[PDB]
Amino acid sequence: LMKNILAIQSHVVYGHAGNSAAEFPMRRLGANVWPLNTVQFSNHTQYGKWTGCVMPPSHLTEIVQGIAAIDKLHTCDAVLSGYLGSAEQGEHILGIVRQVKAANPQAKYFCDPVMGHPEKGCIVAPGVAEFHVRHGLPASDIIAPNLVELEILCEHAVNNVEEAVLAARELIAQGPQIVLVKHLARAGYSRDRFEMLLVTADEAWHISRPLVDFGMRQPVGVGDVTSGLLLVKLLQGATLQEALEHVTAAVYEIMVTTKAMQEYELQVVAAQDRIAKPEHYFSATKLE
């Protein structure tokens, strides 16, 4: 049967971020996405102004009760959490993860611990970061921090690839079995490449692909697409390396299409065929 993902993250009406950047690509790969939006904003925060609102934390809980009411909660294969409108939403999310697993013990919680990166245009409410460290980390099965988020979660600096894997294993020891370091940035081998790491307790896979220049405007929603596709790939039975490889290539395809069109918002619709079947291939490298 197709895999079902309850994706709890942001929704932007115009443009792409949160569920708005990841639902289409995930559905384009053949999985169902139940989009429980944490916010409904006009546009993403990098513009510096946005209208709309944050969904109350109880509404998240109420939505899930409604799906439990039609007896479909047992068909959920995983809960993904991303951008949170407030830390209180987090605790209700952990309540949701518990109810889904009680309906389907095989369900996994995929935590993308989205924290504020205001310098890059990403604005997250105070409190959320604390929730991820204290509570999100330990309840997760899969956790996908970018470099900064990884440092915050492990509570110490991370400066190179060997340190990123050790930090990732420190996280694994708290609960998750899979850690995706979604963007190595400074801690990778090269600052001229987009690098990622996929780590478990027994294995470590590194991957690299070229950068796409967007002037001084950092792309928004890259991690959202990356996390969501990785979860679909893993649920569909892919090994760690084929999941890493398809996501890396699919995202590169979106980036080049985005640049080709002179757009900064992620062109997930224009690049759809290359999300499903990328032309480019970047092999993952096993580390030890």
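So that there is no doubt, residue numbering starts at 1 and follows the sequence shown.
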Checklist outcome for this item: With B-factors read from the PDB entry, the higher C-alpha mean of 166 to 174 and 100 to 108 is in 166 to 174
Checklist outcome for this item: Between 27 to 35 and 59 to 67, the record assigns the higher mean Cα B factor to 59 to 67
Next on the checklist: Among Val225, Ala260, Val54, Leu244, where is the Cα B factor highest in this entry?
Outcome noted: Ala260
Item to check | Deposited CA B-factor, highest of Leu211, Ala78, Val179, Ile207 | outcome: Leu211
Item to check | For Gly188, the third of its chain into which the C-alpha B factor falls | outcome: highest
Item to check | Third of the chain, ranked by Cα B-factor, where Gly90 sits | outcome: middle
Checklist entry - Where does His280 sit by CA temperature factor within its chain: lowest, middle or highest third? => result highest
Next on the checklist: Which third, lowest, middle or highest, does the C-alpha temperature factor of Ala144 belong to within its own chain?
Outcome noted: lowest
